[PDB]
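Next up: just one chain, as structure tokens, the form deposited in one PDB entry.
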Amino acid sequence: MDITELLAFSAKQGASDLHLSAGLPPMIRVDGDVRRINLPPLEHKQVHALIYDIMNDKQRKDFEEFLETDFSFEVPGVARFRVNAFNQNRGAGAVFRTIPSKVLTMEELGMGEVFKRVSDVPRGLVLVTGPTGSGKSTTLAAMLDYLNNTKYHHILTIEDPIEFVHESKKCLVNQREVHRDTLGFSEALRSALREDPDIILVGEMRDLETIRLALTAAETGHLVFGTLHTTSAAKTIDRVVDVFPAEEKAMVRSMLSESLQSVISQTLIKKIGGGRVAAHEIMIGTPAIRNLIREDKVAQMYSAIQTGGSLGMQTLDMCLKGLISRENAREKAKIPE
């Protein structure tokens, strides 16, 4: 039972993550929960070998001298994984997080026309948000696949590391892995503006300069897709402005008001009778809402979403009233009722 077999098994079980940890049997995360594989405990020596054998010399050196490190690893014909290796009280440990391989279509995900409308906009900013493991990336991949299926455009991506690999259908697709194909988000973004892109994917909007450049890229007239870890349209908007220092808030607020096209905040819910399903809050950037943003009256937006049904807007709670246990629903509702 080598690491290849273990990973293959994890994939067979539909696991998102495989954990090694000295003094424990291998464990896998499935639908959120980490559980032990029915195998013997792995002692430090074994865990250490399993890791050290895969590593290359640099990785070994990084790991050995810094005590921890990150890298990507591939099991030909099975999947790619992002690997983190580290030390803990019992010894070595690692986490192999599976990189999703096949891209799932909007139909496969049960995503309706509203997502297409949101994808279709000719320019601006679209944000897909939610905490870790909420599926944001998969939703994005579907939106990009849809565009790849329908427009003769250029999709350029900046990813750290690249997750989904798309194949060029109608769109030219160029994916750029940070640290390997480019030196950083900033460099790639400053380049993006010179790479004739209709559509630009920016993996995550935390470090300010990325955000500035992302906004510039949207204002300048591209279609920009970014992400955050926020749980509602409002919090998303607060988050984007709040992070900047006072002197810089007004322009960010204005840029955002002009460029923001939609916000999709998302969570996964244990599906009644097994598996999980996504629930989405959806906001669409209409003049009134743009004023709410521009005037700093976002507090009102939640109801504006409530009344935006005709465009396909919906609050998280609304969506939850449409598969899931009422209690599960209430666990995640803004207003438990």
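Each form is matched to the other, and the largest set of C-alpha atoms that superpose within 1.5 Å is called the rigid core. Counting begins at 1, following the sequence as shown.
- Stretches compared: 162 to 170, 242 to 250. Higher mean C-alpha B-factor in the entry: 242 to 250.
- 70 to 78 and 84 to 92 differ in mean CA B-factor, and the higher of the two is recorded for 70 to 78.
- Out of 269, 282, 27, 30, it is 269 whose C-alpha atom has the highest B-factor in the PDB entry.
- Between the residues 37, 47, 301, 34, it is 301 that shows the highest Cα B-factor in the PDB record.
- In this PDB entry, the Cα temperature factor of residue 187 sits in the top third of its chain's modelled residues, the highest group.
- Residue-level temperature factors show residue 323 in the highest third of its chain, judged at the C-alpha atom.
- Placement of the Cα temperature factor of residue 119 within the chain: lowest third of the modelled residues, per the deposited record.
- Ranked against the other modelled residues of its chain, the C-alpha B-factor of residue 145 as given in the entry falls in the lowest third.
- Placement of the Cα temperature factor of residue 22 within the chain: lowest third of the modelled residues, per the deposited record.
There is another form of this protein, the form deposited in another entry, and it is not shown here; the text below is about that form.
- Put the two forms on the same core and the Cα of residue 36 is off by less than 2 Å between the shown form and the other one.
- Core-superposed comparison between the shown form and the other one: CA of residue 302 displaced by less than 2 Å.
- Positional change of residue 244 between the shown form and the other one stays under 2 Å at the C-alpha, relative to the superposed core.
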